[PDB]
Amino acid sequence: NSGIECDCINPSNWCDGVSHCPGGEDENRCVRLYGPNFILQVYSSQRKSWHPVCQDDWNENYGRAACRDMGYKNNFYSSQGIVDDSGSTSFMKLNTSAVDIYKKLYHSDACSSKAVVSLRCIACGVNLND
């Protein structure tokens, strides 16, 4: 019995758009920033893994929506395409014909732009020296 704890739900019920835990923990941590280059990643319930988001057709309102999902509210700093350094082999591509952020993406083994989204929701980590 494959399962994930809500503190136990089934994998396909984690990040599927329907809240199965009493507090909604199965649907409120499906987007994340990966690595020192802030690679935007989305959890796939089918493959039980995190996949980077292609730069294809990505715009700032999509990044703002991702920033809201992460709990940063209206904070938004930047969004640009970069080369993936997360070592991923599968990616989430945006489907134009759509819906929610995590529900508008589909799996793909390449990005047309050859780039993944690098998303920074807040200007942080900068001090006096460089």
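Sequential numbering from 1, following the sequence displayed. We call the rigid core whatever largest set of C-alpha positions still superposes within 1.5 Å between the two forms.
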Rigid core fitted first, then name the stretch among 86 to 94 and 62 to 70 whose C-alphas deviate most from the displayed form in 5 other deposited structures of this protein.
86 to 94
Name the stretch, 101 to 109 or 71 to 79, whose C-alpha atoms sit farther from the shown form on average in 5 other deposited structures of this protein, taking the rigid core as the superposition reference.
101 to 109
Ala98 to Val99: deposited residues without atomic coordinates
1 to 3
When mean C-alpha B-factors in the record are compared for 44 to 52 and 99 to 107, the larger belongs to 99 to 107
Going by the mean C-alpha B-factor recorded in the entry, which is higher: 72 to 80 or 89 to 97?
89 to 97
Among the choices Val116, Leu119, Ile9, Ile122, identify the one whose CA B-factor in the record is greatest.
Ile9
